[PDB]
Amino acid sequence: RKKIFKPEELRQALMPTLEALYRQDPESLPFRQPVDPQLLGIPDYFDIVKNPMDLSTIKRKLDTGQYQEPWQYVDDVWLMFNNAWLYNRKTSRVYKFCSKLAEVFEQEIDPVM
């Protein structure tokens, strides 16, 4: 089950699953850029989230061939969701938006896997 992927083959296969998340409006808006705790007024963010991830970082990694294997891309998307569920309360808009993106992703990534 070892396989060497061509970065452009990975990119073409995975990019549509990422585009599916970006297309969610307004649910993708809090996930489009890295969390800046001071500028968002959430100074405890890095006390709780030690491995931040967002759509712009995942896109940059896809675009520069930093994923060797599909599971590495999926791990970063899952990390982004896990961070938002960890930091935010179940009652919050961001937590609910995260749950929407995770549903969309589960649909998109199944066939690709």
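Superpose the two forms; the largest set of C-alphas matching within 1.5 Å is the rigid core. Don't overthink the numbering: it's just position in the shown sequence, from 1.
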Inset, instruction - Consider 36 to 44 and 84 to 92 separately and indicate which one has Cα atoms farther, on average, from the shown form in 8 other deposited structures of this protein after rigid core alignment. - result: 36 to 44
Inset, instruction - Between 79 to 87 and 26 to 34, point out the one with the higher average CA B-factor as the PDB entry records it. - result: 26 to 34
Legend entry - Identity of residue with top Cα B-factor, from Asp54, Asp63, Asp47, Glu69: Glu69
Inset, instruction - Pull the Cα B-factor of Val104 out of the PDB entry and bin it into the chain's lowest, middle or highest third. - result: highest
Inset, instruction - Please rank the C-alpha B-factors of the chain's modelled residues and tell me whether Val94 sits in the lowest, middle or highest third. - result: lowest
